[PDB]
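**Student:** Provided herewith: input26.csv, CSV, C-alpha atoms.
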chain,number,residue,atom,x,y,z
O,846,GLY,CA,-2.7,188.1,10.6
O,847,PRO,CA,-1.3,185.7,8.0
O,848,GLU,CA,-1.6,186.6,4.3
O,849,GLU,CA,-4.3,184.6,2.4
O,850,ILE,CA,-3.9,183.4,-1.2
O,851,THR,CA,-7.4,183.0,-2.5
O,852,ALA,CA,-9.7,183.8,-5.5
O,853,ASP,CA,-11.8,186.1,-3.3
O,854,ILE,CA,-10.2,189.5,-3.9
O,855,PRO,CA,-12.2,192.7,-3.0
O,856,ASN,CA,-12.8,195.6,-5.4
O,857,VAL,CA,-12.3,193.5,-8.6
O,858,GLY,CA,-14.9,192.3,-11.1
O,859,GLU,CA,-15.4,188.6,-12.0
O,860,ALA,CA,-14.0,189.2,-15.4
O,861,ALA,CA,-10.6,190.2,-13.9
O,862,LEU,CA,-10.6,186.8,-12.0
O,863,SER,CA,-11.7,184.6,-14.9
O,864,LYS,CA,-8.1,183.4,-15.6
O,865,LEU,CA,-7.7,182.3,-11.9
O,866,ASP,CA,-8.7,178.9,-10.6
O,867,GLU,CA,-10.6,178.2,-7.4
O,868,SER,CA,-7.5,178.6,-5.3
O,869,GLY,CA,-6.8,182.0,-7.0
O,870,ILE,CA,-3.8,180.9,-9.0
O,871,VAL,CA,-3.6,181.5,-12.8
O,872,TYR,CA,-4.3,178.5,-15.0
O,873,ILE,CA,-1.5,176.9,-17.0
O,874,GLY,CA,-1.5,178.1,-20.6
O,875,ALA,CA,-3.5,181.3,-19.8
O,876,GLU,CA,-2.6,184.2,-22.1
O,877,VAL,CA,-1.9,187.2,-19.7
O,878,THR,CA,-1.2,190.8,-20.3
O,879,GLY,CA,0.0,193.8,-18.2
O,880,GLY,CA,-2.2,194.2,-15.1
O,881,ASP,CA,-3.7,190.7,-15.1
O,882,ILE,CA,-3.7,188.9,-11.8
O,883,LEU,CA,-1.6,185.8,-11.6
O,884,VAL,CA,-1.9,184.9,-7.9
O,885,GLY,CA,-4.7,186.4,-5.8
O,886,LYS,CA,-3.5,187.5,-2.4
O,887,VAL,CA,-5.2,189.6,0.2
O,888,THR,CA,-3.3,191.2,3.1
O,889,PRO,CA,-5.3,192.1,6.2
O,890,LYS,CA,-5.7,195.7,7.2
O,913,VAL,CA,-8.4,193.3,3.6
O,914,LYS,CA,-6.1,194.9,1.1
O,915,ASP,CA,-5.4,193.7,-2.4
O,916,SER,CA,-1.8,192.4,-2.5
O,917,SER,CA,-2.3,190.0,-5.5
O,918,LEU,CA,0.6,189.4,-7.8
O,919,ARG,CA,-0.1,191.2,-11.1
O,920,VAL,CA,1.6,190.9,-14.5
O,921,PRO,CA,4.0,193.8,-15.0
O,922,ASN,CA,2.9,196.4,-17.6
O,923,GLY,CA,3.6,195.4,-21.2
O,924,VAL,CA,4.8,191.9,-20.3
O,925,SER,CA,2.0,190.1,-22.1
O,926,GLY,CA,2.9,186.4,-22.2
O,927,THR,CA,1.8,182.8,-21.7
O,928,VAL,CA,1.7,181.0,-18.3
O,929,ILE,CA,3.9,177.9,-18.8
O,930,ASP,CA,4.6,176.8,-15.3
O,931,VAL,CA,3.3,177.2,-11.7
O,932,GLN,CA,5.2,176.0,-8.6
O,933,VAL,CA,3.8,176.1,-5.1
O,934,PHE,CA,6.0,175.9,-2.0
O,935,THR,CA,4.2,175.4,1.4
O,936,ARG,CA,5.6,175.8,4.9
O,937,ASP,CA,5.3,172.8,7.2
O,938,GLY,CA,2.1,172.8,9.3
O,939,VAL,CA,0.3,174.9,6.7
O,940,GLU,CA,-2.8,173.6,4.9
O,941,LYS,CA,-1.8,173.5,1.2
O,942,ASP,CA,-4.5,174.6,-1.2
O,943,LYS,CA,-6.3,172.6,-3.8
O,944,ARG,CA,-4.1,174.0,-6.6
O,945,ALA,CA,-1.1,172.8,-4.5
C,7,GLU,CA,-3.4,206.7,-79.6
C,8,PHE,CA,-1.7,204.4,-77.2
C,9,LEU,CA,-1.4,200.7,-77.9
C,10,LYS,CA,-2.9,198.8,-74.9
C,11,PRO,CA,-1.4,195.6,-73.7
C,12,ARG,CA,-2.9,192.1,-73.9
C,13,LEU,CA,-2.3,188.9,-71.9
C,14,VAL,CA,-0.7,186.8,-74.6
C,15,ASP,CA,1.0,183.9,-72.9
C,16,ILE,CA,1.0,182.2,-69.5
C,17,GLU,CA,3.9,179.8,-69.1
C,18,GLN,CA,3.2,177.6,-66.1
C,19,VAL,CA,6.8,176.5,-65.4
C,20,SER,CA,5.7,174.6,-62.2
C,21,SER,CA,2.7,174.5,-59.9
C,22,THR,CA,4.1,177.5,-57.9
C,23,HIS,CA,6.1,179.2,-60.7
C,24,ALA,CA,4.6,181.0,-63.7
C,25,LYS,CA,5.4,183.6,-66.4
C,26,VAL,CA,2.8,186.0,-67.8
C,27,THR,CA,3.4,187.9,-71.0
C,28,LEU,CA,1.9,191.4,-71.7
C,29,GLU,CA,2.1,192.7,-75.2
C,30,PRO,CA,2.2,195.2,-76.9
C,31,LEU,CA,3.6,198.1,-74.7
C,32,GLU,CA,4.6,201.6,-75.6
C,33,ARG,CA,8.0,203.0,-74.6
C,34,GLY,CA,8.3,203.5,-70.9
C,35,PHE,CA,5.0,201.7,-70.1
C,36,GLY,CA,6.7,198.4,-69.7
C,37,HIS,CA,8.7,199.5,-66.7
C,38,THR,CA,5.8,201.6,-65.3
C,39,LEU,CA,3.4,198.7,-65.4
C,40,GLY,CA,6.1,196.2,-64.3
C,41,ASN,CA,6.9,198.1,-61.1
C,42,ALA,CA,3.2,199.0,-60.3
C,43,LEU,CA,2.1,195.4,-60.8
C,44,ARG,CA,5.2,194.1,-58.9
C,45,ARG,CA,4.4,196.3,-55.8
C,46,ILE,CA,0.7,195.5,-55.9
C,47,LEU,CA,1.3,191.7,-56.3
C,48,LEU,CA,3.8,191.7,-53.5
C,49,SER,CA,1.6,193.6,-51.1
C,50,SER,CA,-2.1,193.2,-51.9
C,51,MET,CA,-2.8,189.7,-53.1
C,52,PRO,CA,-5.3,187.8,-51.0
C,53,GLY,CA,-4.8,184.3,-49.7
C,54,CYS,CA,-5.8,181.7,-47.1
C,55,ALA,CA,-3.6,181.2,-44.1
C,56,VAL,CA,-3.8,179.1,-40.9
C,57,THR,CA,-4.7,181.4,-38.0
C,58,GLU,CA,-5.7,179.1,-35.1
C,59,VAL,CA,-4.8,175.6,-34.0
C,60,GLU,CA,-6.4,173.4,-31.3
C,61,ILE,CA,-4.4,170.2,-30.5
C,62,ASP,CA,-6.0,167.8,-28.0
C,63,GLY,CA,-4.2,167.7,-24.7
C,64,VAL,CA,-2.1,170.8,-25.5
C,65,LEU,CA,-2.4,173.9,-23.4
C,66,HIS,CA,0.3,176.1,-24.9
C,67,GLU,CA,3.0,176.0,-27.6
C,68,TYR,CA,5.8,175.8,-25.1
C,69,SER,CA,5.2,172.1,-24.3
C,70,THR,CA,5.8,168.7,-25.6
C,71,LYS,CA,3.4,165.9,-26.6
C,72,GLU,CA,4.3,162.3,-25.9
C,73,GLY,CA,5.2,160.4,-29.0
C,74,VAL,CA,5.7,163.5,-31.2
C,75,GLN,CA,9.1,164.4,-32.6
C,76,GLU,CA,8.5,168.1,-32.7
C,77,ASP,CA,7.6,170.7,-30.1
C,78,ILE,CA,4.2,172.3,-30.3
C,79,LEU,CA,6.1,175.5,-31.4
C,80,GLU,CA,7.6,173.7,-34.3
C,81,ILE,CA,4.3,172.1,-35.3
C,82,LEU,CA,2.7,175.5,-35.3
C,83,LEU,CA,5.6,176.9,-37.4
C,84,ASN,CA,5.1,174.0,-39.9
C,85,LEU,CA,1.3,174.7,-40.0
C,86,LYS,CA,2.1,178.4,-40.7
C,87,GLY,CA,3.7,177.2,-43.9
C,88,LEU,CA,0.7,175.1,-44.9
C,89,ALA,CA,-0.6,176.3,-48.3
C,90,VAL,CA,-4.4,176.0,-48.7
C,91,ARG,CA,-6.9,177.3,-51.2
C,92,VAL,CA,-10.5,177.6,-49.8
C,93,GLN,CA,-13.4,177.9,-52.2
C,94,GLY,CA,-16.7,179.6,-51.5
C,95,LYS,CA,-16.0,180.9,-47.9
C,96,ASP,CA,-13.6,183.1,-46.0
C,97,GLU,CA,-13.1,180.7,-43.1
C,98,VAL,CA,-12.9,176.9,-42.7
C,99,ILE,CA,-12.0,174.4,-40.0
C,100,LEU,CA,-9.9,171.4,-41.0
C,101,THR,CA,-9.5,168.3,-38.9
C,102,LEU,CA,-6.3,166.3,-38.7
C,103,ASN,CA,-6.3,162.9,-37.1
C,104,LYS,CA,-3.2,160.6,-37.3
C,105,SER,CA,-2.0,157.5,-35.4
C,106,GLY,CA,1.1,155.3,-35.5
C,107,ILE,CA,4.7,155.9,-36.4
C,108,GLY,CA,5.3,158.1,-39.5
C,109,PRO,CA,5.3,161.7,-40.8
C,110,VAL,CA,2.1,163.5,-40.2
C,111,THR,CA,1.7,165.6,-43.4
C,112,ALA,CA,-0.8,167.8,-45.1
C,113,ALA,CA,-2.3,164.8,-47.0
C,114,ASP,CA,-3.5,163.4,-43.6
C,115,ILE,CA,-5.9,166.4,-43.1
C,116,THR,CA,-9.5,165.3,-43.3
C,117,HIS,CA,-10.7,166.0,-46.9
C,118,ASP,CA,-13.1,168.8,-47.3
C,119,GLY,CA,-14.9,169.5,-50.6
C,120,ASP,CA,-14.4,173.3,-50.5
C,121,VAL,CA,-10.8,173.1,-49.4
C,122,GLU,CA,-7.8,172.1,-51.5
C,123,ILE,CA,-4.3,171.3,-50.2
C,124,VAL,CA,-1.9,172.4,-53.0
C,125,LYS,CA,1.1,170.5,-51.5
C,126,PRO,CA,0.0,167.3,-49.8
C,127,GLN,CA,3.7,166.4,-49.0
C,128,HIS,CA,4.0,169.3,-46.5
C,129,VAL,CA,5.2,167.7,-43.3
C,130,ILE,CA,3.3,168.9,-40.2
C,131,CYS,CA,5.0,166.7,-37.6
C,132,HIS,CA,6.3,163.2,-36.9
C,133,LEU,CA,4.8,160.5,-34.7
C,134,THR,CA,7.5,158.3,-33.2
C,135,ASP,CA,5.4,155.9,-31.1
C,136,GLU,CA,3.1,153.1,-32.2
C,137,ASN,CA,0.4,154.1,-29.6
C,138,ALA,CA,0.9,157.8,-30.2
C,139,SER,CA,-1.9,159.7,-31.9
C,140,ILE,CA,-2.4,163.4,-32.7
C,141,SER,CA,-5.7,165.2,-33.3
C,142,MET,CA,-6.0,168.9,-34.1
C,143,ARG,CA,-8.5,171.5,-35.4
C,144,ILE,CA,-6.9,173.9,-37.8
C,145,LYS,CA,-8.6,177.2,-38.6
C,146,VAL,CA,-7.9,178.7,-42.0
C,147,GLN,CA,-9.0,182.2,-42.8
C,148,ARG,CA,-8.9,184.4,-45.9
C,149,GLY,CA,-7.0,187.7,-45.8
C,150,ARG,CA,-4.3,189.8,-47.2
C,151,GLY,CA,-1.0,191.1,-45.9
C,152,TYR,CA,0.8,190.1,-42.7
C,153,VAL,CA,-1.3,189.9,-39.5
C,154,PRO,CA,0.6,189.0,-36.4
C,155,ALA,CA,-1.3,187.1,-33.8
C,156,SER,CA,0.0,189.5,-31.1
C,157,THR,CA,-1.9,192.3,-32.8
C,158,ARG,CA,-5.1,190.4,-33.3
C,159,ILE,CA,-8.1,191.5,-31.2
C,166,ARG,CA,-10.8,182.3,-26.5
C,167,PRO,CA,-10.3,179.4,-24.2
C,168,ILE,CA,-7.0,177.9,-23.0
C,169,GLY,CA,-5.6,175.5,-25.7
C,170,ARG,CA,-6.5,177.7,-28.7
C,171,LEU,CA,-3.1,178.6,-30.1
C,172,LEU,CA,-2.9,181.7,-32.3
C,173,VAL,CA,-0.7,181.5,-35.4
C,174,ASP,CA,0.8,184.5,-37.2
C,175,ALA,CA,-1.0,184.8,-40.5
C,176,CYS,CA,1.0,185.5,-43.7
C,177,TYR,CA,-2.0,185.7,-46.1
C,178,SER,CA,0.1,186.7,-49.2
C,179,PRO,CA,0.3,183.8,-51.6
C,180,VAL,CA,2.9,185.6,-53.8
C,181,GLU,CA,6.5,184.9,-52.8
C,182,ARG,CA,8.6,186.4,-55.6
C,183,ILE,CA,7.9,188.8,-58.4
C,184,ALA,CA,10.3,189.7,-61.2
C,185,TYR,CA,9.6,191.6,-64.5
C,186,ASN,CA,11.5,192.0,-67.7
C,187,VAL,CA,10.9,194.4,-70.6
C,188,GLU,CA,12.0,193.0,-74.0
C,189,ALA,CA,11.6,194.1,-77.6
C,190,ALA,CA,8.5,192.6,-79.1
C,191,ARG,CA,8.2,192.1,-82.8
C,192,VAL,CA,5.2,194.3,-83.7
C,193,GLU,CA,3.3,194.1,-87.0
C,194,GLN,CA,5.3,197.0,-88.4
C,195,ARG,CA,6.6,199.1,-85.5
C,196,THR,CA,9.9,198.4,-83.9
C,197,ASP,CA,9.4,200.6,-80.8
C,198,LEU,CA,6.9,198.5,-78.9
C,199,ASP,CA,7.9,196.2,-76.0
C,200,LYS,CA,6.6,193.2,-74.0
C,201,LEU,CA,6.5,192.7,-70.3
C,202,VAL,CA,7.3,189.2,-68.9
C,203,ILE,CA,6.2,188.9,-65.3
C,204,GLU,CA,7.8,185.9,-63.5
C,205,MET,CA,5.9,185.0,-60.3
C,206,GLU,CA,6.7,182.4,-57.7
C,207,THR,CA,3.8,181.7,-55.4
C,208,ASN,CA,2.7,179.1,-52.8
C,209,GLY,CA,0.4,177.5,-55.4
C,210,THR,CA,-2.9,178.9,-54.1
C,211,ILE,CA,-3.5,181.7,-56.6
C,212,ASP,CA,-4.0,181.6,-60.3
C,213,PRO,CA,-1.4,183.7,-62.1
C,214,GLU,CA,-4.0,185.2,-64.5
C,215,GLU,CA,-6.3,185.8,-61.5
C,216,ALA,CA,-3.3,187.5,-59.7
C,217,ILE,CA,-2.6,189.8,-62.7
C,218,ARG,CA,-6.2,190.8,-63.1
C,219,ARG,CA,-6.5,191.4,-59.4
C,220,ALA,CA,-3.4,193.7,-59.4
C,221,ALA,CA,-4.7,195.6,-62.4
C,222,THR,CA,-8.1,196.0,-60.9
C,223,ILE,CA,-6.5,197.3,-57.6
C,224,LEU,CA,-4.4,199.8,-59.6
C,225,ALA,CA,-7.4,201.0,-61.7
C,226,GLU,CA,-9.5,201.5,-58.6
C,227,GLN,CA,-6.7,203.4,-57.0
C,228,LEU,CA,-6.3,205.6,-60.1
C,229,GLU,CA,-10.1,206.4,-60.2
C,230,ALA,CA,-9.4,209.1,-57.6
C,231,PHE,CA,-6.8,210.8,-60.0
C,232,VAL,CA,-8.9,210.2,-63.2
C,233,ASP,CA,-11.4,212.8,-61.9
C,234,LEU,CA,-9.3,215.0,-59.6
C,235,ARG,CA,-11.2,217.4,-57.2
J,1045,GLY,CA,7.7,184.2,8.2
J,1046,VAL,CA,6.9,182.8,4.7
J,1047,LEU,CA,3.6,180.9,4.6
J,1048,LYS,CA,3.5,180.2,0.9
J,1049,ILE,CA,5.4,180.9,-2.3
J,1050,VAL,CA,3.8,180.7,-5.7
J,1051,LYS,CA,6.2,181.0,-8.7
J,1052,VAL,CA,4.6,181.7,-12.1
J,1053,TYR,CA,6.6,181.5,-15.3
J,1054,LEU,CA,5.6,183.9,-18.1
J,1055,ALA,CA,6.9,183.2,-21.5
J,1056,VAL,CA,6.9,185.9,-24.2
J,1057,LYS,CA,7.8,186.0,-27.9
J,1058,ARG,CA,9.9,189.2,-28.5
J,1059,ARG,CA,9.7,190.0,-32.2
J,1060,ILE,CA,12.2,192.2,-34.0
J,1061,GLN,CA,11.3,195.9,-34.1
J,1062,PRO,CA,13.0,199.3,-34.5
J,1063,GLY,CA,15.2,200.1,-31.6
J,1064,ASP,CA,16.6,196.6,-31.2
J,1065,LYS,CA,20.3,196.1,-31.4
J,1066,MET,CA,21.8,193.9,-34.2
J,1067,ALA,CA,25.5,193.0,-34.8
J,1068,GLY,CA,27.8,190.8,-36.8
J,1069,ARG,CA,30.9,189.1,-35.7
J,1070,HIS,CA,33.2,191.9,-36.9
J,1071,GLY,CA,32.2,194.7,-34.5
J,1072,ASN,CA,29.6,196.0,-36.9
J,1073,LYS,CA,26.8,196.9,-34.5
J,1074,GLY,CA,23.7,198.9,-35.1
J,1075,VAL,CA,20.1,199.7,-34.2
J,1076,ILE,CA,17.2,198.9,-36.4
J,1077,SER,CA,15.6,202.1,-37.7
J,1078,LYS,CA,12.8,200.9,-39.9
J,1079,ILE,CA,10.9,197.7,-40.9
J,1080,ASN,CA,10.8,198.2,-44.6
J,1081,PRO,CA,7.9,196.7,-46.6
J,1082,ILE,CA,9.1,193.9,-49.0
J,1083,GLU,CA,8.1,195.8,-52.1
J,1084,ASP,CA,10.2,198.8,-51.1
J,1085,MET,CA,13.4,196.9,-50.4
J,1086,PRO,CA,16.2,196.7,-53.0
J,1087,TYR,CA,15.9,193.7,-55.3
J,1088,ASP,CA,18.1,192.0,-58.0
J,1089,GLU,CA,17.3,191.0,-61.6
J,1090,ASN,CA,15.6,187.8,-60.4
J,1091,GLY,CA,13.2,189.8,-58.2
J,1092,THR,CA,14.8,188.6,-55.0
J,1093,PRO,CA,14.9,191.4,-52.4
J,1094,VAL,CA,17.6,191.7,-49.8
Take the structure from the file and write it as structure tokens.

**Tutor:**
Amino acid sequence: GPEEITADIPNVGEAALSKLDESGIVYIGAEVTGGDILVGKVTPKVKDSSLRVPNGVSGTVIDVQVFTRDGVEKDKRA
Amino acid sequence: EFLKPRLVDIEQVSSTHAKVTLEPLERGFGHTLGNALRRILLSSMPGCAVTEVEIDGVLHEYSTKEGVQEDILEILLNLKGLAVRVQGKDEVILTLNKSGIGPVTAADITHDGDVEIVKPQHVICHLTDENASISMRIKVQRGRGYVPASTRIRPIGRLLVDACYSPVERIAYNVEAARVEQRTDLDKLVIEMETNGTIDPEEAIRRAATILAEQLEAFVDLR
Amino acid sequence: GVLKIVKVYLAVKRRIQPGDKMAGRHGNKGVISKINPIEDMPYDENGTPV
């Protein structure tokens, strides 16, 4: 099935998803460190395919861009 | 048997530049105390530094604010150089509100009784629009040394500023012959200190001597 | 086959540290070995350290 981008990721605590919004995309200006989830994505098997910050790449989120295919319901963040 | 030094003169050349004279000194003691005090003054003097900023409508430093000449990064760098002396507490929150065209300087910070701005002319930013207005909450903490924000162990919009707590900027010392009552072998130590204006030079000298004596207490009774 | 793309831009301040490579314009390159404290660095008669 299609991959879903959402804030509902299994096997992760709510603290690890505090920097995400309702859509599951990191807030602008959030201070992130290695291992932090930027975009929550679940691939059906569901498995955790969320985009995570590379290790030791602690930085600030300064921009987020969303590209949506035609005929696809764009999320509230989009 | 040794002639102990005294503080004999404090020449306040400017608000941030002073000279302290220690006299009399025995042979060799001038340079010993000079170097010890120089190292302790350069490394261990406490001061107040800006550690956190909260600007309304700003999420991170890598952004612009409409009507403001500088980037948020440059405003934060300017605030890092803000020299403040806080009285009676180790942490204070200052408020800065400004509107209209003109330089937003340290004099525009909302006056607080326990806080003193040594240099009111310090420029923080520039407002270039008539309708532009800037509002920020500046956190000032007391500390010593250099504490980078990255190493410090918070909502979005609270910007961490690297803290350089040291108020001392430059230390030089000179050992010169001092005309003693009869002896010609004694000397005097002139310590020239340039600071940010937030520490009293006599307070700095006494603080450095106290640190050195406390560090020597271990050796005074070795075991 | 691409339903959605989310691009996140991460901005990091890299501060100078031992192991970083410095150079002039004359071919004089090197690697920083130590971040010396200010009171340990050589200084002139006016107290100004290098």

**Student:** Which residue, J:1082, J:1094, J:1049, J:1060, has the smallest gap to chain C when you use all atoms listed in the file?

**Tutor:** J:1082

**Student:** Name the residues in contact with residue 853 of chain O at a cut-off of 10 Å, using all atoms listed in the file, excluding same-chain residues fewer than 4 positions from it; report them as a PyMOL selection string.

**Tutor:** chain O and resi 849+857+859+862+867-869+885-887+915

**Student:** Go ahead and save the residues from that selection, with C-alpha atoms, as an mmCIF file, keeping the file's coordinate frame.

**Tutor:**
data_model
loop_
_atom_site.group_PDB
_atom_site.id
_atom_site.type_symbol
_atom_site.label_atom_id
_atom_site.label_comp_id
_atom_site.auth_asym_id
_atom_site.auth_seq_id
_atom_site.Cartn_x
_atom_site.Cartn_y
_atom_site.Cartn_z
ATOM 1 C CA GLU O 849 -4.300 184.600 2.400
ATOM 2 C CA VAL O 857 -12.300 193.500 -8.600
ATOM 3 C CA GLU O 859 -15.400 188.600 -12.000
ATOM 4 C CA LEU O 862 -10.600 186.800 -12.000
ATOM 5 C CA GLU O 867 -10.600 178.200 -7.400
ATOM 6 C CA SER O 868 -7.500 178.600 -5.300
ATOM 7 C CA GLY O 869 -6.800 182.000 -7.000
ATOM 8 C CA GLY O 885 -4.700 186.400 -5.800
ATOM 9 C CA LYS O 886 -3.500 187.500 -2.400
ATOM 10 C CA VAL O 887 -5.200 189.600 0.200
ATOM 11 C CA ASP O 915 -5.400 193.700 -2.400
#

**Student:** As an MDAnalysis selection string, please: the residues near residue 1084 of chain J (cut-off 10 Å, all atoms listed in the file, same-chain neighbours under 2 positions excluded).

**Tutor:** (chainID C and resid 45 48) or (chainID J and resid 1080:1082 1086:1087 1093)

**Student:** Quick one: residues within 7 Å of residue 1050 of chain J, only C-alpha atoms counted, chain neighbours fewer than 3 positions away excluded, as a list in words?

**Tutor:**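 Here the qualifying residues turn out to be residues 931, 932, 933 and 934 of chain O.
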
**Student:** Of the residues O:847, O:916, O:864, O:880, which is the one nearest to chain J, using only C-alpha atoms?

**Tutor:**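 Of the candidates, the smallest distance to chain J is held by O:847.
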
**Student:** Take every atom of segment 151-166 of chain C listed in the file, fit an axis-aligned box around them, add 8 Å per side, and give the centre and edge lengths in Å to one decimal as lines of an AutoDock Vina configuration file.

**Tutor:**
center_x = -5.0
center_y = 187.3
center_z = -36.2
size_x = 27.6
size_y = 26.0
size_z = 35.4

**Student:** Kindly determine which residues of chain O lie within 7 Å of chain C, considering all atoms listed in the file, and give the answer as a PDB file with C-alpha atoms, keeping the file's coordinate frame.

**Tutor:**
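Generated output (iface.pdb):
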ATOM      1  CA  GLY O 874      -1.500 178.100 -20.600  1.00  0.00           C
ATOM      2  CA  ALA O 875      -3.500 181.300 -19.800  1.00  0.00           C
ATOM      3  CA  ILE O 929       3.900 177.900 -18.800  1.00  0.00           C
TER       4      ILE O 929
END
